[PDB]
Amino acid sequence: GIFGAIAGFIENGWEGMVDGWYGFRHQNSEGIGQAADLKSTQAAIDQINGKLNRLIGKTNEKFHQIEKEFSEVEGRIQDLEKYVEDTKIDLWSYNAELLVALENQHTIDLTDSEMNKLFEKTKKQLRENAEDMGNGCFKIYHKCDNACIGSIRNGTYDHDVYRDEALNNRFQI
């Protein structure tokens, strides 16, 4: 939410993207395609696995403790035993509630961040050869076949190759 991409300027997610979390759809002379971006996907996944590594399989051993159920009425000492345990449980219950709320807010934001970072990186790559349509899509002002699109996804696109073509298309009348 906090970056504004997921559930923001990207209208919705793609159920048809099953091999990654983030990626690219394109339309060009040769058709309409989709490819996952593995680096952004793995960036998000690694961060979430970091949270899981802190929370899963990390338990504390406890052995002899205090009694926590009682069959006789006893007064003062039993009141204290009960109060200590009820106190403990409320503090842990609070820790667990807050932990999940904060981590979840953060997971939603970090995943939004990874979408935004990929968008930004792609924007800069395109230089003067494309414009941002406001919905996560770039209008590319030159012929850009499957190999050209591939070159953008792979970070090998040379913007100078297309710049004259693109400027001509962009600033026509």
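Residue numbers run from 1 along the displayed sequence.
S.K.: Where do the C-alpha atoms have the higher mean temperature factor in this entry, in 141-149 or in 104-112?
M.R.: If you average the C-alpha B-factors of 141-149 and of 104-112, the larger mean comes out for 141-149.
S.K.: Got a sec? Mean C-alpha B-factor, which is higher, 26-34 or 114-122?
M.R.: It is 26-34 that shows the higher mean C-alpha B-factor.
S.K.: For the listed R127, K51, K68, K58, which has the peak Cα B-factor recorded in the PDB entry?
M.R.: Checking the PDB record, the top C-alpha B-factor among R127, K51, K68, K58 is at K58.
S.K.: Going by the CA temperature factor in the PDB record, which third of the chain does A166 belong to: lowest, middle or highest?
M.R.: Highest third, going by the recorded CA B-factors of the chain.
S.K.: Considering only modelled residues of the same chain, in which third does the CA B-factor of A5 rank: lowest, middle or highest?
M.R.: For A5, the deposited C-alpha B-factor lands in the lowest third.
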